[PDB]
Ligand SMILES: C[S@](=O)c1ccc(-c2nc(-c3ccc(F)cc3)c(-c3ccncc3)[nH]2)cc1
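Form solved without the named molecule, single chain, as structure tokens, below.
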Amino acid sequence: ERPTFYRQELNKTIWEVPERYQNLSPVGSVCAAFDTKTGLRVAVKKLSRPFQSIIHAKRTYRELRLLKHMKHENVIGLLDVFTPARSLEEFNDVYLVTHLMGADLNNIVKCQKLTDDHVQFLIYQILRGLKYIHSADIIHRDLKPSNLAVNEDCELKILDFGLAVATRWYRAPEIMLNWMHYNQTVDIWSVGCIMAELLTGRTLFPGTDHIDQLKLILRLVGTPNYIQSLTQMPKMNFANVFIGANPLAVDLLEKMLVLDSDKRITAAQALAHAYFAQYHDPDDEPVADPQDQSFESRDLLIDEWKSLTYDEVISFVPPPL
């Protein structure tokens, strides 16, 4: 049951891992390995400093639990979680294992010319995935082409949250102006820009800095403070803009790239949209199981949070095959 572990020096860090994980190679805390058992390419993350203090011990607990909970075909899943520790008394480090995908959306877009057929399929999957994360009270906030992975079968997974500027390009306006209580539809704005890049092959808002990213946005959607001082920009007609896009692609877009986060279509509404008629299937578009958050109101010592995390690691069961 317990694997043989081996040890290794990598970026001034000694990694200790089960012997199934071979060829460890860091990228930028995170190593790519080859899982000889499963013949699968994997990423292995070793956690930075769990149990650092009390607020981290607790954050490590909460987020491990959130991650264990993820089970959906369009969302990164946990293949494995382990520690070389042989007892709670010596438990310090925690390792996470997920599979490494092969391609992602940015390397794809920068190499091949997609048809509307390809686009409809990719976005459906992204939205189906987004429906699920949102339903689990999560707000991803860095949705970008490089963190949208696709494997051989063209199955796409959303990758990069509770885990780890090209991002500013896909960021919702309200996220750049330090709103404090922003909405889940910040993620739908991201989808809209990704979608626009799929339809055309080009970056919609390739802006350098904050205010300038924003000048570029105003130039598409027209002007809605330092804004009561910004130039008059009239609203562009999206059909005149996206020369080729299925007029259904354009209507969905018109509803994603809206400034008022209150009027922006949700993940669930967008799935029901006529652009997705061939894939839309309401009885296989599931939401997250309720999770218990009793611990959320507990006030324990660091070795209690560590005790609990330990027990989560130990109890983890991997995906069947």
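All residue numbers refer to positions in the sequence shown, first residue = 1.
Where coordinates are absent for parts of the deposited sequence, a chain break appears; between neighbours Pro224 and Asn225 it spans 10 or more residues. The modelled chain breaks after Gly28 and resumes at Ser29, leaving 4 to 9 residues of the deposited sequence without coordinates. Taking the mean C-alpha B-factor of each stretch as recorded, 87-95 and 71-79 are not equal, and the higher mean is that of 87-95. Higher mean CA temperature factor between 243-251 and 124-132: 243-251, per the PDB entry. Among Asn237, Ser146, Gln228, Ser190, the highest C-alpha B-factor in the deposited entry belongs to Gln228. In this entry, the residue among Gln213, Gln184, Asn106, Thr167 with the greatest C-alpha B factor is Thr167.
The deposited CA B-factor of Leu218 belongs to the lowest third of values across its chain.
Per-chain ranking of the deposited C-alpha B factor places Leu177 in the highest third. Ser307: CA B factor in the middle third of modelled residues in this chain (values from the PDB entry). In this PDB entry, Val17 carries a Cα temperature factor that places it within the lowest third of its chain's modelled residues. Ranked by Cα temperature factor within the chain, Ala43 sits in the lowest third according to the deposited record.
Just so it is clear, the following notes concern the form deposited with the named molecule bound, a form of the same protein that is not shown.
For the named molecule, fitted onto this chain by superposing the C-alphas round its site in the bound PDB entry, the count of atoms within 2.4 Å of backbone or C-beta atoms is 3 or more, giving a blocked pocket. The closest non-hydrogen atom of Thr203 lies beyond 4.5 Å of the named molecule in the bound PDB entry. Contact annotation for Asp160: at least one heavy atom lies within 4.5 Å of the named molecule in the bound PDB entry.
Although the partner is absent here, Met256 lies well away from the named molecule in the bound PDB entry, with no heavy atom inside 4.5 Å.
Residue contact with the named molecule in the bound PDB entry: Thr83 places no heavy atom within 4.5 Å of it. A heavy atom within 4.5 Å of the named molecule in the bound PDB entry is found for one listed residue only; from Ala268, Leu40, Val30, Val287, this is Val30. Taken together, the three residues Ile76, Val97 and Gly102 all come within 4.5 Å of the named molecule in the bound PDB entry, as judged by their closest heavy atom.
In the bound PDB entry, not one residue of 238-262 has a heavy atom within 4.5 Å of the named molecule.
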